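Taking it in order: structure first as structure tokens, then the write-up.
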Protein chains: 2
Amino acid sequence: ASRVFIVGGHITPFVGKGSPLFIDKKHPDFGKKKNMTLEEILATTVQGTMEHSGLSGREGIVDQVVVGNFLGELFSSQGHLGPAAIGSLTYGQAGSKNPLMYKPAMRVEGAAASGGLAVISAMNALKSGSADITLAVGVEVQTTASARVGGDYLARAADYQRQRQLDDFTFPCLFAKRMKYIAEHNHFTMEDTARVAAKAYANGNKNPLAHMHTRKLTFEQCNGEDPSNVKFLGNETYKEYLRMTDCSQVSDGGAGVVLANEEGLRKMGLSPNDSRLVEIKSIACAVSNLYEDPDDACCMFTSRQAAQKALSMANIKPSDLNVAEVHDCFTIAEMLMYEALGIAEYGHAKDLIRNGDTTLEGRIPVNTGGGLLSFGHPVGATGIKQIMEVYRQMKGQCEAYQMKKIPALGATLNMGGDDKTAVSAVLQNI
Amino acid sequence: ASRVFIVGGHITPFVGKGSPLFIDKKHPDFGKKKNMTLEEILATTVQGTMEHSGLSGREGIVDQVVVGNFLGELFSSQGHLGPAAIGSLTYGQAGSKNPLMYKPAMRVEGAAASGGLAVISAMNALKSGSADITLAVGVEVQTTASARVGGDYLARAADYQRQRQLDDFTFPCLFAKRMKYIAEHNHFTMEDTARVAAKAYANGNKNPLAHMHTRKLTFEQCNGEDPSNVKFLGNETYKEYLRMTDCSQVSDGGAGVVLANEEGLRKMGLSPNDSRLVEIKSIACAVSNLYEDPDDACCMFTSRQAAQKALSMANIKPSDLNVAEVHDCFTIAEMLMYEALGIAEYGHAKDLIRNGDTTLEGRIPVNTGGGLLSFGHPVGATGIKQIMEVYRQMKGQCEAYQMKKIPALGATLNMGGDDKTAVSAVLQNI
Ligand SMILES: CC(C)(COP(=O)(O)OP(=O)(O)OC[C@H]1O[C@@H](n2cnc3c(N)ncnc32)[C@H](O)[C@@H]1OP(=O)(O)O)[C@@H](O)C(=O)NCCC(=O)NCCS
Ligand SMILES: CC(C)(COP(=O)(O)OP(=O)(O)OC[C@H]1O[C@@H](n2cnc3c(N)ncnc32)[C@H](O)[C@@H]1OP(=O)(O)O)[C@@H](O)C(=O)NCCC(=O)NCCS
């Protein structure tokens, strides 16, 4: 049975309202220069990932490419990103020799789990004998529409017919609804979720790539003592359970990873114990029913299933993990993810957050670079970013947020929609 | 090399304007009952495919599900079809036990090649040890908007920034443009393409599933001697090279296949020589550059690469083929596909069409049930429908268009966008 290695990757800056890199009315270059397009982001990410993986000048030995994207077709009027990817190496240089021509490529989609799904596709290709080296890249541009139109586009991840009517901000409302049930059962509090945000923003502050790098927020501000942290939903039933700072960012960006099997390492002139590597011990996907929600909003069943398949295939337990990256699309999700991954027991996510166990100096750091809340959330990119963040901590590459104890085992947990798709991976430092 | 087998599948009726199954002003149930939604089609297809494959009552032994869909997010406001698929077995029966819960599922996309890509993904899962039995379904609902608004959505398959401006009907125009170059080089004529249409429609007439089943068209009518067969593009440069009858249909529908490896056949209680099977000897994907077109419109380079990889991996030649399905999204495409597949030499597709070699009684029948022109073209479903049509002819299941000499070998050629993605498979009767 065939091994699988992360050889290298790349995460772009994540940009949107609030970032100094984002060009808006207030920006020095407003009207003069533009933010990157989807094509441009995809080009930077494909090229960044080749460069950092040592493939510049021999990109022809990549056997195939998988692109994770959720809503390109709506935000940029652009689907069919497979051939977009094939043309990304030499983007804007007409006629140039393209070593990726004619190779297999596709886009895969499962809402915010698209990146994660791109990695599983790539890993199947590696273990099937159809590929020895594969490129998995995920990208998204969301800043081309308003929060309201964007919210309707993101509603595509829900059972639209059934759930769109909840609120224009369908997804924030779906997690408000969970928080209502969570409050009524005393599973954890809105104080606890403010503590998650405080952690994310503190981590972001140490991360120049993070969308919210330049924004500082105290616990008290996250807890709603700022009037600018408004409860913005229209739905009266759930309005009171969600503040702006509980929400992940509308961001643009990309992340890419190059994966290889043993034959691929050989082709690259590398040995299986080269210290630039990380092994993906296991990866697993679990998907539930779009059309039916379970009663217990305090449990992410689908994510827990994926985390358990992966930890089991890796033959380790949650306590053996040294770092993790999880799908904090809201502060509410991060709490739920601690329990889905298994690093806290059902009902004990609050213990972990109250004791700082998941902070950089805690015993099981999570979302070290700021997570979706601060790093940001260009949806298609997230699942691959998660993989690369564990990589980077493992390889000592995280600078201001580098962990002082290099982690030997790490896990990711990537989520599509309202816990309807989940992908989880176990990573082993080499 | 682990072997892969088609165990069974299902093709819905394909429906749209002109079909007696399609509910419009002319339909008895107009105003009273509605056409199937995307969710509904997906349900019918998943259930159909399980039933025909002998999995009713043991759907739990399916390991994974991949969905091919191109534009659900635009036409139906619905992405994230993976979990929609997981909930399709028991669609509309709230609370019911679901044996597909927690299994891996995703959606894959490469324009009109989406179905083909779903098959490749499933096949990788089969050969990777991640699956022994996989379900690949493709679906699409395109009748929820006009042909014009639909044309802009389908533009997502082109380099939208660059090519949308050609015409509201971006794709028809892209193939009109090829036809202009084709005419100038005398590669083949508009007469020849009318002969393709005549063939499609005559085949469709023998196929109750076909969108255009009830419509009859003479060569002369396809050749533009009907004034109702209009040259409908706005673009003055290409207007004259495309008639309505050259175009594939705006259709709704689904197609599904169940694929198994040797371990999967065992699990199902079947032997590798069971005569309900067909082997997929090979499959290949080839993707070119979205952003650059080759000068020679008389050659589908990307499709030809895929066809040659597949025939080669199967260790056969084009002359060994007994039947084929090819991606006739326009009559112009079918001609080009004969040469891409290799059943005609460069410049000789006209020979084949002129002496009826690709008709039901010809020596290499192509698109026996009517192809995209008449059977119809719900884009995501097409790639899998192609596979199933070769299956059905092989298993004697085609009724009024059944071939009198059962074919031993068949090939498919499925295309995304303007020859930017191609998938081709070689099938061996058992
Ligand atoms: C970014 C986000 C917090 C919106 O906030 P924003 O950047 O300030 O943008 P806006 O201020 O335009 O939108 C907030 C809305 O709340 C309401 N609001 C009321 N008072 C407000 C105030 N003082 N400040 C901000 N918004 C206010 C408004 O209706 C406003 O929208 P409008 O412009 O249509 O009136 C939110 O839309 C978001 O991030 N959503 C992401 C959800 C997601 O990605 N889910 C997928 C997970 S897989
Ligand atoms: C051919 C096709 C466009 C026509 O379907 P339709 O609904 O019967 O045709 P419509 O009635 O909408 O007419 C379309 C256009 O024909 C044009 N036209 C010009 N003169 C006309 C006339 N006398 N009568 C009818 N139409 C005429 C019009 O411009 C009209 O659009 P409009 O009403 O917005 O102006 C449709 O089958 C199609 O779009 N096929 C292509 C699918 C595809 O592109 N697939 C590729 C993906 S791999």
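Here's how to read the names in the structure tokens: chain A, B, ... by the order shown, residue numbers from 1 in each chain, ligand numbers from 1 in the order shown.
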
Identify every residue of chain A that has at least one atom within 6 Å of any atom of chain B, counting only C-alpha atoms, and report the result as a ChimeraX atom specification.
-> /A:77-80,83-84,86-87,101-104,106-111,124-125,127-128,156-157,285-290

What would the file look like if the residues just selected were written as a compact mmCIF listing (two decimals), in the first residue's frame with N, CA and C atoms?
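Written out: result_9.txt:
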# COMPACT_ATOMS: atom_id res chain seq x y z
N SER A 77 -18.04 34.47 -13.27
CA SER A 77 -18.57 33.98 -14.52
C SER A 77 -17.63 33.00 -15.18
N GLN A 78 -16.90 32.20 -14.39
CA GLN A 78 -15.89 31.32 -14.96
C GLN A 78 -15.88 29.94 -14.33
N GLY A 79 -16.22 28.93 -15.12
CA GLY A 79 -16.07 27.56 -14.68
C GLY A 79 -14.91 26.94 -15.40
N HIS A 80 -14.90 25.61 -15.49
CA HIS A 80 -13.96 24.88 -16.35
C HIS A 80 -12.55 25.26 -16.02
N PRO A 83 -8.73 23.50 -17.58
CA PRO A 83 -7.88 24.06 -18.60
C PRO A 83 -7.33 25.45 -18.25
N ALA A 84 -7.97 26.13 -17.31
CA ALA A 84 -7.44 27.39 -16.78
C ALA A 84 -6.17 27.09 -16.04
N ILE A 86 -4.22 24.47 -16.57
CA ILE A 86 -3.21 24.03 -17.50
C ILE A 86 -2.48 25.23 -18.10
N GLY A 87 -3.19 26.35 -18.23
CA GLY A 87 -2.62 27.53 -18.82
C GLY A 87 -2.11 28.51 -17.82
N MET A 101 0.59 21.07 -20.97
CA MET A 101 -0.36 20.76 -22.03
C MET A 101 -0.70 19.28 -22.11
N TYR A 102 -1.98 18.98 -22.21
CA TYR A 102 -2.50 17.61 -22.44
C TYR A 102 -2.55 16.68 -21.23
N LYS A 103 -2.13 17.18 -20.09
CA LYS A 103 -2.20 16.39 -18.88
C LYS A 103 -3.63 16.37 -18.33
N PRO A 104 -3.95 15.39 -17.48
CA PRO A 104 -5.28 15.43 -16.87
C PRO A 104 -5.46 16.57 -15.89
N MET A 106 -8.97 18.64 -13.64
CA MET A 106 -10.38 18.86 -13.39
C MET A 106 -10.57 19.80 -12.23
N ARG A 107 -11.80 20.31 -12.12
CA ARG A 107 -12.21 20.97 -10.90
C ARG A 107 -13.12 20.03 -10.10
N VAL A 108 -12.97 20.05 -8.80
CA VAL A 108 -13.87 19.35 -7.90
C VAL A 108 -14.52 20.35 -6.97
N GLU A 109 -15.72 20.00 -6.48
CA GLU A 109 -16.52 20.90 -5.64
C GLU A 109 -17.32 20.18 -4.55
N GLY A 110 -17.22 20.73 -3.35
CA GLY A 110 -18.10 20.40 -2.23
C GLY A 110 -18.09 21.57 -1.27
N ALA A 111 -18.62 22.69 -1.75
CA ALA A 111 -18.71 23.87 -0.94
C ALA A 111 -17.34 24.22 -0.36
N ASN A 124 -5.93 9.81 -4.54
CA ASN A 124 -6.40 8.65 -5.33
C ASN A 124 -5.61 8.43 -6.63
N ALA A 125 -5.39 9.50 -7.38
CA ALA A 125 -4.56 9.44 -8.54
C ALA A 125 -3.16 8.87 -8.20
N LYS A 127 -2.30 6.89 -5.68
CA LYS A 127 -2.36 5.48 -5.27
C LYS A 127 -2.91 4.56 -6.35
N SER A 128 -3.39 5.11 -7.46
CA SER A 128 -4.05 4.30 -8.48
C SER A 128 -3.08 3.86 -9.54
N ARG A 156 -25.84 28.43 -2.19
CA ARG A 156 -25.69 27.26 -3.03
C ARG A 156 -25.18 26.02 -2.28
N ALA A 157 -24.52 26.23 -1.15
CA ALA A 157 -23.99 25.16 -0.30
C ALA A 157 -25.04 24.54 0.59
N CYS A 285 -13.07 11.13 3.72
CA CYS A 285 -14.23 11.96 3.42
C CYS A 285 -15.51 11.34 3.94
N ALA A 286 -16.40 12.15 4.49
CA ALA A 286 -17.72 11.65 4.90
C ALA A 286 -18.75 12.69 4.56
N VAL A 287 -19.83 12.27 3.92
CA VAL A 287 -20.83 13.23 3.44
C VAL A 287 -22.22 12.77 3.86
N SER A 288 -23.01 13.70 4.37
CA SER A 288 -24.32 13.36 4.89
C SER A 288 -25.40 13.90 3.95
N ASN A 289 -26.63 14.04 4.43
CA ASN A 289 -27.77 14.34 3.58
C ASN A 289 -28.05 15.83 3.52
N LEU A 290 -27.88 16.41 2.33
CA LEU A 290 -28.17 17.83 2.13
C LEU A 290 -29.55 18.19 2.62

Tell me which protein, DNA and RNA residues are within 8 Å of residue 217 of chain A, counting only C-alpha atoms, leaving out same-chain ones fewer than 3 positions away, and put them as a PDB file with C-alpha atoms, in the first residue's frame.
ATOM      1  CA  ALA A 198      -9.808  36.707  20.378  1.00  0.00           C
ATOM      2  CA  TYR A 201      -7.225  37.611  15.791  1.00  0.00           C
ATOM      3  CA  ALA A 202      -4.187  37.377  18.096  1.00  0.00           C
ATOM      4  CA  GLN A 221     -14.814  43.613  21.664  1.00  0.00           C
ATOM      5  CA  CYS A 222     -15.455  40.063  20.392  1.00  0.00           C
TER       6      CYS A 222
END

Would you name the residues within 6 Å of ligand 2, counting only C-alpha atoms and all ligand atoms, and put them as a PDB file with C-alpha atoms, in the first residue's frame?
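Result file follows (out-v5.pdb):
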ATOM      1  CA  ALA B 112     -19.568  19.205 -20.973  1.00  0.00           C
ATOM      2  CA  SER B 146     -34.170  30.721 -22.282  1.00  0.00           C
ATOM      3  CA  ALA B 147     -31.592  29.524 -24.779  1.00  0.00           C
ATOM      4  CA  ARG B 148     -30.095  33.063 -24.626  1.00  0.00           C
ATOM      5  CA  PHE B 171     -20.564  28.393 -27.894  1.00  0.00           C
ATOM      6  CA  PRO B 172     -22.637  28.120 -31.018  1.00  0.00           C
ATOM      7  CA  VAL B 230     -32.773  29.909 -39.102  1.00  0.00           C
ATOM      8  CA  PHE B 232     -29.801  32.751 -35.578  1.00  0.00           C
ATOM      9  CA  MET B 244     -30.628  25.718 -35.547  1.00  0.00           C
ATOM     10  CA  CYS B 247     -27.077  22.616 -32.594  1.00  0.00           C
ATOM     11  CA  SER B 248     -27.395  20.246 -29.659  1.00  0.00           C
ATOM     12  CA  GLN B 249     -30.444  20.584 -27.407  1.00  0.00           C
ATOM     13  CA  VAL B 250     -31.173  22.502 -24.229  1.00  0.00           C
ATOM     14  CA  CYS B 329     -22.437  19.347 -29.481  1.00  0.00           C
ATOM     15  CA  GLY B 416     -15.527  20.053 -22.393  1.00  0.00           C
ATOM     16  CA  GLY B 417     -15.689  23.538 -23.886  1.00  0.00           C
TER      17      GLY B 417
END

List every residue of segment 156-390 of chain B that DSSP, applied to the backbone of this structure, assigns to helix (DSSP H, G or I), and report them as number ranges by chain.
-> B: 156-157, 160-166, 170-184, 190-204, 219-225, 239-241, 244-246, 262-267, 301-313, 318-320, 331-341, 349-354, 371-374, 379-390

B:392, B:231, B:211, B:385 ranked by distance to residue 137 of chain B, top pick (using only C-alpha atoms) = B:385

Among listed residues A:89, A:415, A:388, A:310, nearest ligand 1 (using only C-alpha atoms and all ligand atoms) =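 Of the candidates, the smallest distance to ligand 1 is held by A:415.
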
Could you jot down the atom CA of residue 219 of chain A to atom CA of residue 355 of chain A separation for me, Å, one decimal place?
-> 14.4 Å

Could you give me, as a PyMOL selection string, each residue of segment 78-327 of chain B that DSSP assigns to strand (DSSP E or B) when run on this structure's backbone?
-> chain B and resi 105-110+112+133-140+247+252-260+278-287+323-326

Written selection (N, CA and C atoms) as a short mmCIF file (atom, residue, chain, number, x, y, z; two decimals), in the first residue's frame:
data_model
loop_
_atom_site.label_atom_id
_atom_site.label_comp_id
_atom_site.auth_asym_id
_atom_site.auth_seq_id
_atom_site.Cartn_x
_atom_site.Cartn_y
_atom_site.Cartn_z
N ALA B 105 -18.47 11.47 -1.07
CA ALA B 105 -19.14 11.98 -2.26
C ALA B 105 -18.57 13.33 -2.64
N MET B 106 -18.55 13.60 -3.93
CA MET B 106 -18.20 14.92 -4.42
C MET B 106 -18.81 15.22 -5.77
N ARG B 107 -18.75 16.48 -6.15
CA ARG B 107 -19.06 16.85 -7.53
C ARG B 107 -17.77 17.21 -8.27
N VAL B 108 -17.67 16.73 -9.51
CA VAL B 108 -16.57 17.10 -10.40
C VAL B 108 -17.11 17.86 -11.61
N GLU B 109 -16.26 18.70 -12.19
CA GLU B 109 -16.66 19.59 -13.29
C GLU B 109 -15.52 19.90 -14.31
N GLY B 110 -15.88 19.74 -15.58
CA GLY B 110 -15.08 20.21 -16.69
C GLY B 110 -16.02 20.43 -17.85
N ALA B 112 -18.85 20.35 -20.45
CA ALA B 112 -19.57 19.21 -20.97
C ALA B 112 -18.82 17.89 -20.78
N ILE B 133 -16.66 -0.67 -5.15
CA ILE B 133 -17.84 -0.40 -5.96
C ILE B 133 -18.08 1.11 -5.91
N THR B 134 -18.28 1.74 -7.06
CA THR B 134 -18.49 3.20 -7.06
C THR B 134 -19.68 3.54 -7.93
N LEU B 135 -20.34 4.64 -7.60
CA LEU B 135 -21.48 5.14 -8.37
C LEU B 135 -21.10 6.46 -8.99
N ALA B 136 -21.17 6.52 -10.30
CA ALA B 136 -20.85 7.78 -11.03
C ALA B 136 -22.13 8.20 -11.70
N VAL B 137 -22.66 9.36 -11.35
CA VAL B 137 -23.85 9.88 -12.00
C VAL B 137 -23.60 11.26 -12.50
N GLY B 138 -24.26 11.59 -13.58
CA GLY B 138 -24.22 12.96 -14.11
C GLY B 138 -25.62 13.49 -14.32
N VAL B 139 -25.85 14.75 -13.98
CA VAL B 139 -27.17 15.32 -14.17
C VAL B 139 -27.13 16.78 -14.58
N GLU B 140 -28.19 17.25 -15.20
CA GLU B 140 -28.28 18.67 -15.54
C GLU B 140 -29.71 19.12 -15.82
N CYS B 247 -27.34 22.45 -34.00
CA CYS B 247 -27.08 22.62 -32.59
C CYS B 247 -27.65 21.48 -31.77
N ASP B 252 -32.91 18.61 -20.05
CA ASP B 252 -32.75 18.14 -18.66
C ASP B 252 -32.63 16.65 -18.65
N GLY B 253 -31.84 16.13 -17.73
CA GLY B 253 -31.74 14.68 -17.62
C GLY B 253 -30.62 14.20 -16.75
N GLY B 254 -30.50 12.87 -16.67
CA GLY B 254 -29.44 12.22 -15.89
C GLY B 254 -29.00 10.88 -16.48
N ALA B 255 -27.76 10.49 -16.16
CA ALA B 255 -27.28 9.18 -16.51
C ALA B 255 -26.38 8.70 -15.39
N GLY B 256 -26.41 7.43 -15.10
CA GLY B 256 -25.66 6.87 -13.98
C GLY B 256 -25.07 5.53 -14.36
N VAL B 257 -23.95 5.20 -13.75
CA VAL B 257 -23.31 3.92 -13.99
C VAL B 257 -22.79 3.44 -12.64
N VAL B 258 -22.78 2.14 -12.46
CA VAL B 258 -22.14 1.51 -11.30
C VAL B 258 -20.90 0.78 -11.78
N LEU B 259 -19.75 1.16 -11.25
CA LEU B 259 -18.47 0.55 -11.67
C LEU B 259 -17.92 -0.28 -10.54
N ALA B 260 -17.31 -1.40 -10.87
CA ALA B 260 -16.73 -2.30 -9.84
C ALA B 260 -15.36 -2.79 -10.25
N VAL B 278 -19.52 -5.12 -18.85
CA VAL B 278 -18.64 -4.59 -19.89
C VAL B 278 -17.39 -4.07 -19.17
N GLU B 279 -16.21 -4.33 -19.73
CA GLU B 279 -14.95 -3.93 -19.10
C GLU B 279 -14.58 -2.59 -19.65
N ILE B 280 -14.11 -1.68 -18.79
CA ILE B 280 -13.51 -0.46 -19.30
C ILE B 280 -12.03 -0.77 -19.44
N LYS B 281 -11.58 -1.10 -20.66
CA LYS B 281 -10.15 -1.43 -20.90
C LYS B 281 -9.26 -0.26 -20.56
N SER B 282 -9.67 0.94 -20.94
CA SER B 282 -8.89 2.12 -20.64
C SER B 282 -9.72 3.38 -20.60
N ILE B 283 -9.18 4.39 -19.97
CA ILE B 283 -9.81 5.69 -19.97
C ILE B 283 -8.69 6.73 -19.91
N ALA B 284 -8.89 7.87 -20.57
CA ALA B 284 -7.86 8.90 -20.60
C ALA B 284 -8.48 10.28 -20.66
N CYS B 285 -7.85 11.19 -19.95
CA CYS B 285 -8.19 12.57 -19.92
C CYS B 285 -7.01 13.43 -20.41
N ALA B 286 -7.32 14.46 -21.21
CA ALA B 286 -6.33 15.35 -21.76
C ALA B 286 -6.90 16.74 -21.72
N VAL B 287 -6.21 17.70 -21.10
CA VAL B 287 -6.73 19.05 -21.01
C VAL B 287 -5.76 20.06 -21.61
N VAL B 323 -18.40 0.21 -32.53
CA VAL B 323 -19.35 1.28 -32.25
C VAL B 323 -18.63 2.40 -31.50
N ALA B 324 -19.16 3.62 -31.59
CA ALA B 324 -18.63 4.76 -30.84
C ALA B 324 -19.72 5.71 -30.45
N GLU B 325 -19.46 6.45 -29.38
CA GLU B 325 -20.23 7.63 -29.03
C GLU B 325 -19.28 8.81 -29.04
N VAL B 326 -19.67 9.91 -29.68
CA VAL B 326 -18.83 11.10 -29.71
C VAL B 326 -19.63 12.37 -29.48
#

With a distance cut-off of 8 Å and only C-alpha atoms, select the neighbouring residues of residue 53 of chain B, excluding the residue or stretch itself and same-chain residues fewer than 5 positions from it, and output the selection as an MDAnalysis selection string.
-> chainID B and resid 7:9 258

Give me the residues within 12 Å of residue 409 of chain A as a PyMOL selection string, counting only C-alpha atoms and dropping any in the same chain fewer than 5 places off.
-> chain A and resi 278-282+311+314-325+364-365+390-391+393-394+425-430

Output the selection as a short mmCIF file (atom, residue, chain, number, x, y, z; two decimals), in the first residue's frame - C-alpha atoms for each residue.
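Final output, saved to part.cif:
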data_model
loop_
_atom_site.label_atom_id
_atom_site.label_comp_id
_atom_site.auth_asym_id
_atom_site.auth_seq_id
_atom_site.Cartn_x
_atom_site.Cartn_y
_atom_site.Cartn_z
CA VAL A 278 5.52 15.50 5.46
CA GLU A 279 3.64 12.20 5.01
CA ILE A 280 -0.10 12.17 4.71
CA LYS A 281 -0.73 9.06 6.82
CA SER A 282 -4.41 9.10 6.00
CA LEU A 311 -7.42 8.97 12.90
CA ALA A 314 -3.61 6.53 10.75
CA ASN A 315 -3.87 4.29 13.86
CA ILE A 316 -3.58 7.23 16.28
CA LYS A 317 -5.89 8.99 18.77
CA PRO A 318 -6.76 12.66 19.20
CA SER A 319 -4.51 12.93 22.25
CA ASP A 320 -1.50 12.01 20.03
CA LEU A 321 -2.00 15.19 17.91
CA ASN A 322 0.48 18.10 18.37
CA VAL A 323 -1.29 20.63 16.11
CA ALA A 324 -4.49 20.88 14.12
CA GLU A 325 -6.24 23.05 11.61
CA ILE A 364 -2.90 21.38 21.26
CA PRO A 365 -2.66 24.55 19.16
CA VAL A 390 0.29 22.07 9.27
CA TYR A 391 3.17 21.57 6.79
CA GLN A 393 4.59 24.50 11.30
CA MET A 394 6.13 21.09 10.84
CA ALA A 425 -6.30 14.24 7.04
CA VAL A 426 -3.52 13.05 9.34
CA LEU A 427 -0.05 14.38 8.72
CA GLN A 428 3.26 12.95 10.02
CA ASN A 429 6.43 15.09 10.16
CA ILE A 430 9.49 13.58 8.55
#

Nearest to ligand 1 among A:413, A:277, A:372, A:337, with distances taken over only C-alpha atoms and all ligand atoms: which residue is it?
->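 That would be A:372, the residue with the smallest distance to ligand 1.
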
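One finds atom CA of residue 99 of chain B at 19.7 Å from atom CA of residue 266 of chain B.
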
Who sits within 8 Å of residue 335 of chain B, only C-alpha atoms, same chain under 6 positions skipped, as a CSV table (one decimal) with N, CA and C atoms, in the first residue's frame:
chain,number,residue,atom,x,y,z
B,193,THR,N,-22.6,18.6,-42.8
B,193,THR,CA,-23.1,18.7,-41.5
B,193,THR,C,-24.6,18.5,-41.4
B,196,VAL,N,-25.1,14.9,-41.1
B,196,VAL,CA,-24.9,14.5,-39.7
B,196,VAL,C,-26.3,14.7,-38.9
B,349,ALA,N,-13.4,12.9,-42.8
B,349,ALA,CA,-14.7,12.7,-42.2
B,349,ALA,C,-15.8,12.8,-43.2
B,350,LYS,N,-15.7,13.7,-44.2
B,350,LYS,CA,-16.7,13.8,-45.2
B,350,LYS,C,-17.0,12.5,-46.0

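The coordinates place atom 41 (C, counted along the ligand's line) of ligand 1 at 21.8 Å from atom CA of residue 387 of chain A.
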
Residue 199 of chain B: which residues within 9 Å, counting only C-alpha atoms, same-chain residues fewer than 4 positions away excluded, as a PyMOL selection string?
-> chain B and resi 194-195+203-204+219+356+358-360+368+370

Using only C-alpha atoms, which residues sit within 9 Å of residue 166 of chain A once same-chain residues fewer than 6 positions away are excluded, as a PyMOL selection string?
-> chain A and resi 173-174+234-235

Residue selection dump (N, CA and C atoms) as a compact mmCIF listing (two decimals), in the first residue's frame:
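Now in out.txt:
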# COMPACT_ATOMS: atom_id res chain seq x y z
N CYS A 173 -26.97 32.45 9.24
CA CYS A 173 -28.22 32.17 9.92
C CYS A 173 -28.30 30.71 10.30
N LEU A 174 -27.80 29.83 9.44
CA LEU A 174 -27.76 28.43 9.80
C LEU A 174 -26.91 28.17 11.03
N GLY A 234 -31.30 39.45 9.68
CA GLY A 234 -32.69 39.87 9.65
C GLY A 234 -33.64 38.93 10.38
N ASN A 235 -33.30 37.65 10.43
CA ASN A 235 -34.17 36.66 11.05
C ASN A 235 -34.28 36.86 12.57
